[PDB]
Every structure is written in C-alpha cells, then in structure tokens.
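Each chain is listed here by its residues.
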Amino acid sequence: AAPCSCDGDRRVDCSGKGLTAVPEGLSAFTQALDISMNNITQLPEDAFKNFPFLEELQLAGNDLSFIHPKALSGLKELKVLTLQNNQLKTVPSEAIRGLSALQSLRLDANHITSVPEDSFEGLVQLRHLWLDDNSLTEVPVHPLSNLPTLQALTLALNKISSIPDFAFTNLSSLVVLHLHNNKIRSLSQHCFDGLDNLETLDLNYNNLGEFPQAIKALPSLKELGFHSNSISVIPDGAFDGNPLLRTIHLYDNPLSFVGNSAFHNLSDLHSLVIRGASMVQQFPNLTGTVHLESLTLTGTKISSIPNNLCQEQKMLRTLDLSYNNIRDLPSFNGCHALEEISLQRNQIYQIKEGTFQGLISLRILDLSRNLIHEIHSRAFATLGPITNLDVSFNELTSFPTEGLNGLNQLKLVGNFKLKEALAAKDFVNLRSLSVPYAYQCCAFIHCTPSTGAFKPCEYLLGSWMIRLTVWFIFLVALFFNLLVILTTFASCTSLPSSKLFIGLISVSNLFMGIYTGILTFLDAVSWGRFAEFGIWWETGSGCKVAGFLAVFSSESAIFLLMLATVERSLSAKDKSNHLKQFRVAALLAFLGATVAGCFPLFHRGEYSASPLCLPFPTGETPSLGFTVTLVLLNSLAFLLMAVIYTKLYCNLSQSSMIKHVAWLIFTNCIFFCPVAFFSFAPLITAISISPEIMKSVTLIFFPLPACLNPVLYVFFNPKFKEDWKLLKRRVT
Amino acid sequence: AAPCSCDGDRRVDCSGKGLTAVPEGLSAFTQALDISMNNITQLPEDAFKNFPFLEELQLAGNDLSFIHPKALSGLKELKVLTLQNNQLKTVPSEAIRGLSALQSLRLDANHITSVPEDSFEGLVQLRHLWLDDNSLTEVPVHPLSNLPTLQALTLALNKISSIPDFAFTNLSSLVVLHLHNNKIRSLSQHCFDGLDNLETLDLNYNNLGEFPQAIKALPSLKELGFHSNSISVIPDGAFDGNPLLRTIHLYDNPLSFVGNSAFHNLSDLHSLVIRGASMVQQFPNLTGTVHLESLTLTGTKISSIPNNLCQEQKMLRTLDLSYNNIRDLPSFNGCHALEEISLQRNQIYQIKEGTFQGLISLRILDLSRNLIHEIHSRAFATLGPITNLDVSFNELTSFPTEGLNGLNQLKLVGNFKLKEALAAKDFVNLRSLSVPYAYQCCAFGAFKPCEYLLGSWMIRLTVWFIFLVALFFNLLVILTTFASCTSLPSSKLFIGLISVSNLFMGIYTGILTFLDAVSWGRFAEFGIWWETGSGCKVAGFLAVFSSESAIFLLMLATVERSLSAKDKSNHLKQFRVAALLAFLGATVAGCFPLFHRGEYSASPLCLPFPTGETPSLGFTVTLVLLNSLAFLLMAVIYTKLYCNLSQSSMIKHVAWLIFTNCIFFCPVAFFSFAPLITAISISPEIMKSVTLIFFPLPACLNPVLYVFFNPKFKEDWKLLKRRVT
Amino acid sequence: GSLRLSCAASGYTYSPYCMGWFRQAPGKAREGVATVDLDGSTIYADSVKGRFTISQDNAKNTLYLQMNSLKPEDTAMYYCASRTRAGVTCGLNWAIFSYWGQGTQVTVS
Amino acid sequence: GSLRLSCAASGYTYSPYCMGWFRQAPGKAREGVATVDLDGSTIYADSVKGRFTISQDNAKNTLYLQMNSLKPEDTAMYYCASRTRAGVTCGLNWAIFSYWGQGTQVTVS
Amino acid sequence: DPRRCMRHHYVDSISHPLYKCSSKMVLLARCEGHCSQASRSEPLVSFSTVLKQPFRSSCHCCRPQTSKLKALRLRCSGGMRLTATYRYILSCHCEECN
Amino acid sequence: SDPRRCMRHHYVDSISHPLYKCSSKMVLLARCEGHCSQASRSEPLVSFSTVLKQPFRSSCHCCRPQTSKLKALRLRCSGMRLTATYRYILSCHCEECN
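Regarding how it was determined, this PDB entry cites cryo-EM in its header, along with a resolution of 3.65 Å.

As recorded in the PDB entry, chain E goes by the name Norrin,Immunoglobulin gamma-1 heavy chain, listed as coming from Homo sapiens. Regarding chain E, the UniProt comment filed under Subunit reads as follows: "Homodimer; disulfide-linked. Component of a complex, at least composed of TSPAN12, FZD4, LRP5/6 and norrin (NDP). Binds FZD4 with high affinity. Interacts with LRP6 (via Beta-propellers 1 and 2)." In its Subcellular location section, UniProt records this for chain E: "Secreted".

Per the PDB entry, the recorded name for chain C is MB52, and the organism is Camelus dromedarius.

Next comes the structure, spelled out in structure tokens:
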C-alpha cells in the first residue's frame, strides 16, 4: 500500500523514493526491507515494531546520523543489516546489541573515528563485518574480542598506523582479513596470533619498511599481498610457516635482495614475479615448488640458468628473464608447456642447435638487445609453431630459414653485418618483417623497411626514357670533356687566365661524367635484378665513392665559377695579373672540394642513405649541420657572382667571350637551385615530391651542367674552332 | 575367463555361445547371468552352487526339458528367473519352491499342459508371472491360491474354456490380468471375486456369447477389452461397477443392441466407438460422461441428435455419425474442439445457416450420400479453417462460396442439377475438385472446351463452307425434283429422297456452327446449357436420323438396281412403301437413344459415339453393325454392273455416291469400336475434328455428284425454266 | 528278456507318498514309465501299458520294475524317483518328484 | 541569559554510570555538550568550554546544565541522556548512552 | 531444515585479474539444498523408425527464482576506475533442469 | 545402502497403437530413480566485461542411464505387423544435468 514497490515472496523494496521515515502500513510478515536511498536522518524508538519478522534490513546511503538504542529492539530474527554511506560518526554500540541473530553487519563508507569498548557485545552470531572507508586510527582490539565467530573482517581505507600484539587473538574462526590502503608502518611480533584459520591477508598500499615477521604464525594462508609498500628485503625462509600459499603479490616494491631460498618448499605457488631485485646473483633455490605457470625475473645480476629448470617445472608456461646477465643457455628440453620465452637485453652470445631443441608448444621467442653472434642452421628446425621471433640488435652474420615456415612476425632490426638476404620460398606466412641493411624486402606481408621507388629491387632506374637520357648525356659529356681537355692542353705552352679557367671547368666536369657513367653501368647490371646488387652497392665502397665524386664535382664547378667571377670583377674594378694567385686559387679549389667530400666521410651513414649516393636523399638528412651548410654556401656564392656580373649586366669582359661564361653560370645556377631547394623540403612541409619523380629529377639535374658546359663553350666560342685549326698542325 | 563376455558391474552374459552346461570359472560374486540362447537340455543337482549371490537368471530359449529339484537350491537371493521358449511340459513345482526372494517368473512360450497342485508354494515374494503360449486347459486355481502378493498375471494364447467361481479370490493385490486369445465361452458369476485392485482386464479374441456379468465386482478397472468376441448385447448399466473406466475395446463384435444407458456415469471414458448396432433407435444416454474425445456411431437407426450434445461434451474432437437416419441437425455451437465431422449416408435434407455456426477449430466436414436439398448463403461463412468438404450425391441447386476461401479439397461428385458454376476468385486454395455436369473446371479438355465448341479456325471455316454448299445444293435439287413433273421416275424419286434426307445433316451442321459461333470464347457456360438443354439431344437425333435415311435411300437404290438386273417388277407402290418405311426405321433408330438415358448428353457434339466406350453398348454396336452389313448387300447387288465396268443411263453417279458414303461411314463407324480394340488410339481434339468433318461430307458431296455428273440435271433445269418464263 | 529293474531307497524307510520309474532317451526330455502311491494305486504309460509291471516291497523300500519282451524302442536310461509329502496327485509328471536316482542304462538290441 | 536547562530521571535513583547533555541542530547529527560520570569527572565540548557548566544533584537525580551569555549559534534542541553500566569510557559520544530524553528547544535571538 | 532449498550468504574478495587495482569484499548469495522430488528417467517406446531422445527425464534443481543486477566500482592505478557486474539472488526454488 | 539412493526398478506395461490394430504384449521397462547424495548448488559469477554471459554457475546431479540396449519387440498385428523399439535400461548413475 506504500508508494514504493513490493514482491510476492514477502519482500519490500522502497529504494530511492525520498522517504523521510520508515514506511507505514506494510504487511506484518515482512522478511526483507530496503530503504537504502531515501533521506532519513534518525530512527525513532518505535521504528521497527511493525516488522517483528525482519531478516534483512538495508539502509545504505540514507544519510542516517542517529539511531535510538531501542530502535532495533524486537528484531530478534534480523540476520543482515547494512548501514554504509551514512553519517554515523561512531559504531552504534547500544543500538545493535539486541540483535542476537545478526550475521552480517556493514558499516563501511562512514566517518567512524571511535569505537566504544563495549561495542558488538552480545553479537554471538556475527560472521561478517565491514569497516572500510572510515577514519579509524587504531585496531579495535577489545570490541573485536567479543566476536569469536567472525569469518570475514575488513578494515581498508582507514588510517591504521600500527597493529599491537594479540590484536586478533580471539578471532580463531576468521578466514578473510583486509588491511590495504592503510598507513601501517610496523607489525608487532604476535599481532596475527590466533588466526589459525585465515586464508587471505591483504596488506597492499601500506608503508611497511621491513618484511612482516608475524605471518609465520599463519598456517592456513592461501593468498598474500603486500605490493605498493616500501619493503626492500625478503630475508630467507619468510614463507616458512605458509606451506599452502598459492598467490603472492609483491611486484610493486623497492625490492633489492630477495633471499636465495626465500621461495622454497611452496608446493602450491602459481605465479612468481620479481622485478628490480638488483642484488640477486644466483637463481632462486625454488626446490619443492613444482606448480609454477609464470616465472619472471628481471633487473637482476643472474649470470646463469640451472639445467634442472623445467625438468622440475614441468607446468611452466611463461618464462621471462629479460635484462640480467644470462650468458649461456641450458637446453630447454622438457619445457613442453612453455608458450612464451623472453631473453631480451641479456649477454647471450650464441644459440647452438641443442639449446631450443625439443620444444613443441612454443609460441613466442624474444632475443632482442642480446649479443648473439651465431646460430646453427638446424637450431630453429626442432621447434613447432612459432608466431614471434625477435633477434634485433645482435651480431648475426647469417640467419637460418629451416623450421620458420610457420613464422608470422619477424624482427631483425639493427642486425648489421647480416648481408646475405632471406627468401620468400621458406618464409611464407610472414606479414611483419623489419631487416637491417636496406631494401632487403624487395623480394617480399607488410615489411617495415619498405622503401619502394627509392631503392627498387627491380632496377636502379626502371624508366626507359630516363636511362636513355642518362646514357646519352654521359656519352656526350665524356666526348665533349675529352675533346676540350685535349684542345686546351695542346693549345700552347702557356694558357690565358680564361683558357685556364675553361680547362679547369672541363676537367672538373669529368668527375660528374664518370659518376654518371658508373651509375648507368650499375643500372644496366641491376636491370631486373637491382635488389641483390642494391645492398652490395650500399655496403660496398661504390656508392660512397660515387657520392663523394658527385660532391667533389659540384664543389669544383662552384669553385671554377667563383674564380671566373673573381677574375671578371678584378678586371672590371682595377690589372692585378696575379697568375700565381690564379694558380693558387685553382689548386685550393681542389682542397675545398676534398674537404667538402670528407665532411660526409667523417660522419657515418651519409653516403649509404640511398643507392644514388646523393648528399640529399628522400627525407631530412641526418647530418643536418654540414648538409645544410654546404647548400647555403652554394646558394650564397650566387650573390657574389651576381654582384660581380652586375657591371656587365647593366651594359647588356664580356666583349671577347664572356657571353658564353655568363650563360653557363646562369644554367649552372638554375640547375643547382632545384636540387638545393629539395634538401630543405623536409623543413618546409608545404612542398612534397614523389619518390620516383624526385629521384629522376635529381638524376637529370646532376648531369646537365656537365652535359651542357662543353657544348656552350665550343658551340659559342670561335676561339674553340681557332684552337682546333691551330692544333690540327700537330696532326699534319 | 569363460569364452563368453563379461561386464564391470558384476554382470555376466553368455547368450548364443552354444554352451551345453552352465559356464564354469566365473566370479563367485555374480549378480546377473545370461545363458539364454545356448543348447542346454538339463540342469544338474549342483548347477548353481558357484553363484550364491545371483539376482537375475535368464534361460530363455535353452531348449531346457529337465530341472533337478536341487538345481536352484542355494539361490536364496534370486529375484528374476526366465524360462520361456523351453520344452518344460509342466510347471517346475519342486524345483522353484526354494526361491523365497523370487519376484519375477517367466514360463511362457512353453508346452505346459498340467500344473501340480503344490506349485508355486513358498513363493512369498512373487509379483509377476507369465504363462502365455501354453496348452493349459483350465485356470490353476489352487496353485494361484498360494500367491497373495501377485501383481501381474497373464494366461494368453492358452486353451481356457471356462473360469470357475472364486478363481482369483486370494489375488487381492493383482492389478493386471490378461486372458486374450483363449477359447473362453462362459464366465461364472463370481469368477473375478476378490480382484478389487485390478486395473486392466483383457478378454479379446475369446468366444463370449453373452456379456460378462462378473465385471461388476471390479471397482478399480481402468482398461477393458472384449473385442473379436461374439457378444451381441450390452443390456443396461453393464459398467455400473466400474466408475474409473477409461478405455473400452468393443469394436469387433456382432453388436446388435447396446443399452440406452449402457455408457452412463462413466466420467473418465475417452473413446466410444460402436459399429453395426442396428437395433439402436435413440441416442445413447451418456450423461455424466463429459471427457469424450471421439464419438462414433454407425449402422444404427438413430433418427435425431440431441441438442445438448457438445454443450455437455466440450472436449469432443471427432464426431462420426455416418449411415443411420439422421434427418435434422442440431446447432453445433459449443463444439469448439470439433476437428472432424462425418455425416455421410444420412437423411440430412438441408443445412440452414444456424447449423454449422460458431465452430472455430473445424478441419474436415463430410456430407456425402445425403439428401441435402439447399444450403443458405452464409451457412459456411461462420466456420474458420476448412480443409475438406464433401457434398457428393445430393440435390444442391446452388452452392455458396462465401467462407470457403481457405478450402483445400472439395468434392461435389454427382450433384446433378447444380447448373450454375463456381469461380476461382473465391475458391483460391483448391487443388482438388470434382464437379457434376461437365467441363465445370475450365476456369480452374479437348472434348468440351470452355473456350469454344470448335476452336480451330480452319475446321470452323470448312464446316461453314460445307454447310452453306450443302444447303444451297439440297434446296436447288429438291426444288428441281419437285417441279420436274407430276410424276417422277423411280430413280428421280430416290434422288429426291436422298436430297431431302441430306437436309437433316445440313441443318444439324448449321446448328452446330451457330452454337460454335455463339460459344466463341465463351463455350464453357453454353456447354452445360447445350447438354442439359434439348438442343444437343435434338442435334444428335437429327444426325442419327439423317444417317439412317441416307442408308435407307442407298439400300432402296441398290434394291431397285438388283431387281432390274435380276428380273421388271415395276412396283411403284412398293417403292413408295419402302420410302415411307425408311423414315419409320430412322425414327426407331433415333428413339433407341431416347429410351435410354444419358446417351445424347455424353458430349456436346451429340454424336452417338463420343470419346470412350458408349454406355449403351448393345444398341450403339448394333446400329454400326447393321450400317456396315448393308454394304455387303450393296456390293452383292452392284457386282453385276461392276463386272462389266442400269449404269448405262445414270448409274455412274449413284455408284460413286454410294462408294463415297461407304468410305466416309467406315472411319466414324470403326471409331465406335476403338474402345474394344485398344491397339487404336486417337487424340480427343483430333478425333472430334475428324468426326465433325466426316459427318457433313456425304451431304456436301451428294448434290454436287448428282448435278455435276447427271446431264438430266441440266435438262430438268432447262425444262423447269419454262415456269420462270 | 527277463529284465528286473530294481531300485533302492537309502534315506528313510517309512513309505514315501509316491515312487515312480521314468526313462530318458539321449538328449530328450524325461517322460514317465510307471508310478505307485502309498495306497498301492498304479499308473503306467500308454506305450508301457502291457509289457512292464511296477511292483513294490514297502517294508524294505526295494521297488522293482519288471520288463519282458522289450521293444527295440525301449533303449533309454531309467531313473527311479520318489516323493515324501502328500500335497499333489500321483501321476507320470517329472516335476512333482523330490528325489531322483542316478539311473541306469537299458540297451535293447 | 540565565538559562537553567534542568533534567529529571524518573526510572531509578541510584547513581547511573554516566549522564550527558547533547544538542541537535535541525536535521543534523547529535553532537555532545557535556558529560559527567559517577566520580564527578566532567567533560565539555570545545565550543562549550567556558560558557556553560554541567552540575548534578546525585541524591535527587536532578541534573542541571547552566548556560549564560548564549551565542547566536546556540539555537538547537537539547537532550538529556543517561547510561547505567560501566563497560565504557565517559565521553561526548552519542552511541554509548542507553536512555534518551524527549529534549527541549532553546532559541537564542 | 538444512535439507530444504535455501539461500546462503557468503563473502568473497573481488580483484581485477591483471590491472593494478584494490581488492573489495562483497556479499553474495548461493542457492543450496536438496530437492524433495526424486529425479526420474523412463524409457520411451516409439513406433517410428526416426531417432528420439530415448528417455523421458525429470530433474529438479535448487536454482534461483529472482535476481537483482548490481555493480561495484573499483579504484585502480592512475585514478582510473572500472565497474564489475554480478547478480544478487533473492530467492531459490526447485525447477526442472531441462 | 540407503534405499532412497538411485536404484533400477522394474515396471511392466503394454504397448499398442490405434492406427493399425494389434495384440498387446507384456513389457518389463526398467526405470531409474532416486535422490543423488550430493547437494544442488548455484552461484553468481562476477565479470568485468560490459555485458555478462551465463550469470550463474550451477551443479545439480540426477541419476540417468549410462548403458542401454535397443530392444525390439515383434508386435504381431491383425496379417501385417510392426517391430517396436525401446531403450532397455540396465544401470543407474548420478550425472551432472547440463
């Protein structure tokens, strides 16, 4: 009849109805009542006279702050009583003493600060008690003394500081005890005395500075947890008095040294996780314990694994031994249940074929950051299914393929000196692979090092038009440079400054011509097979030599242009006639070019970035400093060149032959501008270029100045024909 | 260790292993043993000393013929013992008396003929006993007296003749009793005395001549069966002492009169089936019984159904009331559980709309062989789903369609006078229907198509052309012959008679063409109207008369030619008499199909020989035989002119006409005998077209063959032209 | 043949209720030959009606069965059987007898 | 105001173990005002340390609480509470007292 | 009557299997007892050649009749919180298992 | 042993079908019934997933046949006939219901 709901099986629910007092008019025969989420501030004297047959009473969240001592009188049959989330500042000592048949009492989530001495007296049948999320400052020893029949006590989230001796002496029937999230600092010697039936003990999030010696008085422990504490040592035989332990939580502590036989004779332990125990030297002497499923030791100084590991631990499934100083590996035969093996960041230096022999149910193997120097061919043959296998950052000259046809994810990152390549005919199921060197994945599954259009496995160039243009440019440049050099050298015993500069430029173009010829020959050799050659080029000195030659040719061309501009400026400003100075400048141009080339040689990994050997490959150059400085100097030289040439530009000496020189300088500057700007593309994200297109553009820009200059000189200088005719006398 | 099998739960099986003696070496702790299908002839004294803990022993089919009295000694724990299909000529009295704990004893399939008086003595714990398929001659009263704890006794397939008083007096705990397939003839008054706990009693296949009065002593009966007996009467209140009866089997007996209140106050009866109780007049006064699911009364003289039938029997599901003389029907409202209703072969004469109103779960309705004269339109509307509905062989002028859209199978066979047709727009779910009249299913062949009489354009055009030509030629020939002169020569008279006779066939063809034109695209509706109407019969009679007249004229011409070639008689009066008698013969032939019924109505064409064998086999065959035989006389007469091939003046045209007529007649005449000679088969449409074309040809041809081949035709035309001038 | 088929009861002497002679062909059933009860009433088989004769010496329990002019069908093994209590009618039924003898062989050629 | 907040115990006369005065603001919890035990030891609330004074006349069970110079915060309903048995320490805890009075109102304006 | 189908209150500790989280003590209920109706199994006689579940079966089991879905909030590392769900049984009854 | 325990009883009935008339027979169907000694239990299961599956773990033992035989009866009728088939039980054992 009340505004709240009802139930057929003698149950009444009135949660969240906003009641201020207990509901009236309900049936006298009521077995359960719920008044939880109403706003009731007090229970009067005669509150529950109309419900003599109550068995369950709920008042959680009522904002209850007063209980009359006679309010609960007459509820002799009451069995469950909940009062959490109210504002009871203290335990209701007088109110609840009449509940003879009470079995469950919830008082958590309150602001309890004091417990009267005579509290809980007369509660013979009490079996469960909540006191969590209160402001208690010490264990209520005497109030608990009146509860011999208690089965589950929890005192979490309080401000307990220390537990005195014989605190729970009379609670012989207790089987669950929670004490986490307290500020406990010290445990007395006999604090847990008489808790012979305790099965779970929780001590997480406390401030224990030393391991609790009291747990030696617990003979029936099954679960123990003391993580998030400040414990640093588990001296020896700490769990000697707990043969039945199954689960231990100790994985968040400043652990530094756990005893050699700390975990010893624990025949029912399941998981053993120790992290950061630096001072540990030997393997834990965990004899007797033969029921392990996970064994994790990290951050220690363990130098060896015992041979008897899983011939004893036949149930072992996960074995993590990362970090540490494991140098040798004992044969893992008998490890039939091993699913995951982790040995990363160790001193393992080889895997003989007898190491991983005999394992069937293996699933993941980790060997990263080790010093593995060699693996025998059949070392991986014996194992069954494999899904992961990491050998990243080791010294593997060779890597066998037999027995890894079932492999799924493979990681060899950083395995430099692993030159000889893999093949897809054995590795069939992979779709995850990352390899050292470069373009090892041209045969292959999503490959991490996929760099298509940069170092294709098919051929260096690929485009027929690009290859034909490169070959034609190389041949024309070679012929023109040879003819010009021969003519300049045979012209006379003495060469005018302009003639010397022209001869120097023609000689310098020879470097670029040779580089282009070498690139064309490599592409021809790599036609349809470039991939295999690729690494050979990158690892081999050929690519570095080609890149250095290209850089030197560019520097020599820049130096020759600068020398010509300086001579023109001196002529237009003065005459100096410093032939010795001109020779010195010509000689020092070679020194500057050599310095520029050695700049990429002092650094490592510069020329190997791409098969083209270009100083500015796709993406930002790791050697940002020198790479940017060279381009900046090359661009800035144009400012001086323009300042010098302005005198002739305003009148557009150029009277004899300067016309060809100016055109050559302009063409060289224009060709240099695109390639130079491409090096700064990574900084300016607004500009993006496709890999193949960028590669072709760079290749075409590089040869053009050498392809052009001889033609612009001979084809635009009548002095060329004059010298040819004069030197023809040597032929006759 | 024995050659036979074993079991984990202390059980041993050795069936069918061909053992001659009990197997040795078995475990002393054996709880069950099976030796059934071995060939053992005797059990020695010390047979079962090695199995003190036996609980189940099986020996069925061992061909066992001797048991030592000490053989079963020591088996105090035995509980189950089977000995069926052996050759134990008598019950083993001495052998089995030591089995204190015995609970089940099987002795059926033996040749037992005698039971010692002291048999079964000491079997305190016995609860089940088999004695079937034996040669017992009387109930073993005293041997059974020693079994107060028996719970199931069966004595079937024996030769029991009579049961004495107090036969089962001490078997107060018996709850099952089988006595079927015996030769029992009489039951004494108190034979079943003391069987206060009996629940099933079987008396099938016996020779009871009168209902057993002893069953009044059974207060806990639940199942009773006395079928295949010779019981003829259930006098009154026979089951008065059996309130708890549920199932009664009485459906194979010479039942003649069951009491009016024979089945009365039986509150738990389920099925009530009575067949052949002729003398029954009123409905069974089955008050109190309100748990019926099936009620079947057939072969009786019940003249009415009580109105309170299923307002009382709310659980009734099947109600069969076939045969009998039910004249009126009480409203079946309240029959919510009726799935099947059967009322075939009754005197029901109408179904007013309030009869079948209110039924929901109806599924099948049967009303065949009744005399239903009318059904109101909405009589079928109120019922829900319907799957079957038979109204075959009644006098239904009209049949409503409302409420039968869910109908599946429908049967109106023999509902003649049900002229107006159904339609597929209401009857949508039917795929099973048979209707009176003919071709009523053209809406849902090749003989009476619903589209048109002819259908083929070429056939219709040929028929129209032939009809017009024959009409014109016959009219011209008749006019010329009549105007030729006040006196006509014998040949001229015969020609005029033939031309007049052709008029009948011409008119028949014209009528058929007109009917086809009217029936173009709508023949179906007209079809019945033609068959029921006098039109089809008249057309058939006219065709038969025309054929007979043509045959008579040909015969007269042949007789005149034979007389001329053999003599001259010059019997002009005789010729006139023969011409007159030809019409009488044709009328007799036509009336032959008129005395019989259903002849002309067989097909819309009215042809005397439609598809299939003619029901009037005698006259139909006789007419064709006479028509064919006339050709023999015609050929015999004409042979005189044939040998010289009187024909000198004009006989050439007559001979050709006779030959053409004979040739046309031959195919149609032979088609009438096709049913007898199965070697010949003809398609329906093809046969119909062939018959239609053959019928008009002689009339289409003869006038042309006369005028076109007789210069006398032109001579007479020119002579009579003077009348025009 | 003047074949005396004697018997002897060694258990108890006072007149048993019924004593019979039976015969068995090889492998077939036991069918009766003769029976005699306490009063001296006698029964024989149909095939045995005239040829044999059952006698008795009650004071000594020596019970003879005399056979003469044996038919060739009379080859069998013969059993002497007895019964003590009176709760049955005397007859040639093998199922009523309580004590059975080891029998003997009579081969008529 | 010279406000004498008297009390009276009518059940039993012999000195109860502890008797206190408490107060309640409308709708909030019961917090103590003063307590006195059998020996005469006295406890007060911090807000009550000086203004009030708890007294007692043990022979008559008339237990007064004297208030003077009442603060405006002192508007509440005051309850006189008692306890009989000695199994607790005296203090301003509402959960130890066994008998509670109907209280009265003191509205300080 | 301990043999009757009743409800028994028992306390269990709930902790997330692997996350850094704080265990919580919860009160649960458990139907417990012996059904008064005997379990039974009868052979079935079938006149059709098809396959049938050969035995009729009756098996009364003390199982819950009413349930109330409830959930609890745990506190975990980094201040993240997660919710776990369970059903609180209020009454029990014998019912046909099949 | 305790009589209430599951034991194989023997009960005798008859078989017949109205579709085709026959002559019934006596058949000894074994029956299996009793009370399993172990108590019946049902507990809630705590889950951390968004939606629960199978809320209640349960265990309720009833005795059911372990071995049985496809016995066949020549039930002669009318003269046509049929071959009845039934699952003759031989043993009892408690077994988990689900």
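Chemist: Explain the sheet that holds strand β1 (residues 3-5) of chain D here, please?
Modeler: Where strands meet in a sheet, backbone hydrogen bonds hold them as pairs that are either parallel or antiparallel. Residues and elements named next belong to chain D. On the basis of which strands lie adjacent, the open sheet formed by three strands has the order β1-β6-β5 and antiparallel pairing. Only two strands of the sheet have a single partner each, and these edge strands are β1 and β5 (53-54). Pairing of β1 with strand β6 (residues 65-67) involves three bridges; the strand directions are antiparallel. Within the sheet, the bridge partner assigned to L3 lies in β6 and is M67.

Chemist: I tried to follow the sheet that holds strand β4 (residues 56-59) of chain F on my own but got confused; where do I start?
Modeler: Taking strand neighbours across the sheet as the criterion, the four strands line up as β1(E)-β2(E)-β3(F)-β4(F) in an open arrangement whose pairing is antiparallel. The open sheet is flanked by β1 (6-14) of chain E together with β4 of chain F, the only strands paired with a single partner. Ignoring strand direction, the axes of neighbouring strands in this sheet form an average angle of 20 degrees. Sheet topology places strand β3 (residues 40-44) of chain F next to β4 of chain F; four bridges connect them, and they run antiparallel. When the sheet's bridge partners are listed, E43 of chain F is paired in β4 of chain F with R57 of chain F.

Chemist: How should I be thinking about the interface of chain B and chain C in this particular structure?
Modeler: For interface size, the figure often reported is the accessible area lost on association. Contact residues are listed per partner, giving 18 residues for chain B and 17 residues for chain C. Of all the secondary structure elements, the ones that give two or more residues to the side of chain B that touches chain C are β5 (66-67) and α1 (93-96) of chain B. Looking at side-chain class alone, the side of chain B that touches chain C contains seven nonpolar, seven polar and four charged residues.

Chemist: Before we go on, may I ask you to explain the arrangement of the chains in this structure?
Modeler: Looking across the five pairs of chains in contact, one finds the most contacts between chains E and F. For the non-touching pair chain B and chain D, the nearest C-alpha separation works out to 68 Å. Across the gap from chain A to chain F, with no contact made, the nearest C-alpha atoms are 19 Å apart.

Chemist: It is not clear to me how the state of the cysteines should be interpreted in this structure. Could you clarify?
Modeler: Here is the idea: a disulfide is a covalent bond, and it sits between the sulfur atoms of two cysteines. Residue pairing for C310 of chain A: its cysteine sulfur links by disulfide to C335 of chain A, the two sulfurs lying 2.0 Å apart. Its S-S torsion of approximately -115 degrees makes the covalent link between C310 of chain A and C335 of chain A left-handed. Linking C310 of chain A in helix α3 (residues 309-312) with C335 of chain A in the loop between β20 (318-320) and β21 (340-342), this pair joins segments that are 25 residues apart in sequence. One disulfide in the model links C97 of chain E with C97 of chain F; its S-S distance is 2.0 Å. Judged by the sign of its S-S torsion, about -125 degrees, the cystine formed by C97 of chain E and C97 of chain F is left-handed. With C97 of chain E in the segment after β7 (81-96) and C97 of chain F in the segment after β8 (93-96), this pair bridges two chains.

Chemist: Just to check I follow, could you spell out the packing of aromatic side chains for this structure?
Modeler: Summarising the aromatic geometry, the rings of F332 of chain A and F356 of chain A are spaced 5.8 Å apart at their centres and angled 15 degrees between planes, so their arrangement reads as stacked. Within this pair, whereas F332 of chain A is found in the loop between β20 and β21, its partner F356 of chain A is found in the loop between β21 and β22 (364-366), the two being separated by 24 residues in sequence. Counting every residue linked through ring pairs, the aromatic cluster contains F66 of chain A together with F22, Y79, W94, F97 and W100 of chain D. Directly above the ring of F393 of chain A sits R369 of chain A, whose terminal nitrogen or CZ lies 4.2 Å from the centroid.

Here is what the cut-offs are and how they apply
- Residues numbered from 1 in each chain as written, not as in the entry; some residues may be left out.
- Chains lettered and ligands numbered in written order.
- Heavy atoms only, no water.
- Residues with missing side-chain atoms left out of burial classes, pairs and counts.
- UniProt positions renumbered as here; feature names shortened; annotations may be inferred.
- Pairing = 2+ DSSP bridges.
- Helix = DSSP H or I, 4+ residues; strand = E, 2+ residues; numbered from the N terminus.
- Axes fitted to C-alpha atoms, helices over the stretch in contact; angles between N-to-C directions.
- Contact = heavy atoms within 4.5 Å.
- Nonpolar A, V, L, I, M, F, W, Y, C, P; charged D, E, K, R; others polar.
- Disulfide = S-S within 2.5 Å.
- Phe/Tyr/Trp six-rings, centres within 6.5 Å; stacked < 30°, edge-to-face > 60°.
- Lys NZ or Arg CZ within 6 Å of the ring centre and 35° of its normal.

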